[PDB]
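Worksheet: one structure, shown below.
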Amino acid sequence: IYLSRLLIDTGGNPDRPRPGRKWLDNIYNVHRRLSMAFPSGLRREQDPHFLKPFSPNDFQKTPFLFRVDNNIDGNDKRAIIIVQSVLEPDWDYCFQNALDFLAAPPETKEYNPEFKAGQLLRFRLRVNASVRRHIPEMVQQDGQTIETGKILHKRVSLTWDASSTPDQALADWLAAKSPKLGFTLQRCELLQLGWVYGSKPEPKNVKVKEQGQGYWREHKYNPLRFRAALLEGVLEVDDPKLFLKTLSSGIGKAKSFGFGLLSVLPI
Amino acid sequence: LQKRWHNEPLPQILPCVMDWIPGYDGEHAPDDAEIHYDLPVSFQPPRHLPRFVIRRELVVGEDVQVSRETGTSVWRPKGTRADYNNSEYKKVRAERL
């Protein structure tokens, strides 16, 4: 598989238009752009310069994993995007009209990861602290109303006991499912605990005009909220046929919006 | 009385020329009657005969009612300036978006 690197300028003059920095405001925009970085054959031949209208059905729907972190390069702040996929990405076709998005040209390296039993890898990982509660619908109404009755099962953020710590709680949450994916954690240090926001358009059929031919479509924007937890540590390995499938896929839900990427450095 | 454009000037008086009428009361030609040589008899060796001609007048508004022109005279290109406030464009724009 391949790992790709994108560098975005975070500092610079703050009184100028910075479309590369503004692109990281919406994570759906990031996912859509990385999807546009995967042309589907005849799209390149029909549109080499990427000027015809964008169509999701004209691009491949292969999954990929990416992580957006931040760093300092000498005396400048930078945002690094690490893209892990299974097919060779084409960053030339994606940003060819948006060369000002990236401060530095993209990079790509072939990854051939395999580790037999006895490797103490150093890992970094940003998970989505999500859980499906059995009773997540109390219907806490607002205003004058405070308590009405309905029940449904929904995904919400992970919660911890008031007498415990978030670090230990997330450590045992990761260790509880850990033998299924094939690793043992020695140290688990919590580095961040926050949210990830985004917006998504959805077509809506307002009334048909004179021969509207399938209603009049109007965009309506719906929000997207995720609870993110970034953590590093040291982990061993066992059953490498399971760890390779763990590396190929992600960990936790919402894998298509920056979560689940496991970064491992051999030691 | 047909008109052609909006500010078309009009006459208040419409002179008219009529053939004289017999009837044996005024059997003789009146004093205000002129003579015109427009009574045709033959055309290839053209032959014309005198005819007594009388003159009268008419006034617009009491005998003839002024009409109005039809259609459009002055032609201009369409040249529709685009508008971004009416409902049809506001729906077409969302449909395109």
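The number of residues in the range A:252-267 that are closer than 21 Å to residue A:32 by Cα and not polar (S, T, N, Q) comes to 9. Within the range B:76-97, residues that are at the interface with chain A (Cβ under 10 Å from one of its Cβ atoms) have Cβ atoms under 9 Å from residues that are of a type in the set (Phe, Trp, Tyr) and surrounded by 10 or more Cβ atoms within 10 Å (Cβ to Cβ) in these pairs: B:91/A:216; B:92/A:216; B:94/A:216; B:95/A:216, counting only partners at least 6 apart in sequence or on another chain. Residues in the range B:22-38 that are surrounded by 10 or more Cβ atoms within 10 Å (Cβ to Cβ) and assigned to a loop (DSSP other than H, G, I, E, B): B:26, B:29, B:33. Every condition in (1) within 14 Å of chain B (Cβ to nearest Cβ); (2) within 27 Å of residue A:27 (Cβ to Cβ) is met by residue A:198 except one, and the failing one is (1).
The condition of being assigned to a helix (DSSP H, G or I) and charged (D, E, K, R) holds for only one of A:161, A:167, A:142, that being A:167. The set of residues in the range A:205-262 that are more than 14 Å from chain B (Cβ to nearest Cβ), part of a strand (DSSP E or B) and among the polar types (S, T, N, Q) contains only A:222. Remark: pairs (first residue in the range A:149-174, touching a residue at least 12 places away in the same chain (Cβ under 8 Å) and within 22 Å of residue A:137 (Cβ to Cβ); second residue assigned to a helix (DSSP H, G or I) and of a type in the set (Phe, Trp, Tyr); Cβ separation under 9 Å; 6+ apart in sequence or on different chains) = A:158/A:173. Please work out which one of (1) loosely packed, with under 10 Cβ neighbours inside 10 Å; (2) touching a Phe, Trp or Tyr at 6+ places or on another chain (Cβ under 6 Å) is the condition residue B:54 fails and give its number. All conditions are met except number (1).
Of the set (1) closer than 25 Å to residue A:194 by Cβ; (2) surrounded by 15 or more Cβ atoms within 10 Å (Cβ to Cβ), all apply to residue A:25 but (2).
Screening B:59, B:41, B:53, B:74 for residues that are more than 30 Å from residue A:215 (Cβ to Cβ) and part of a loop (DSSP other than H, G, I, E, B) leaves exactly one candidate, B:74.
Taking the criterion of being small (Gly, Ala, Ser) and assigned to a helix (DSSP H, G or I), the residues of the range A:172-186 that qualify are A:175, A:176, A:178.
None of the figures in this text is laboratory data; all of them are computed from the coordinates on show. Note: ideal-geometry Cβ built from the backbone for every residue, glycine included; neighbour counts use all protein chains shown.
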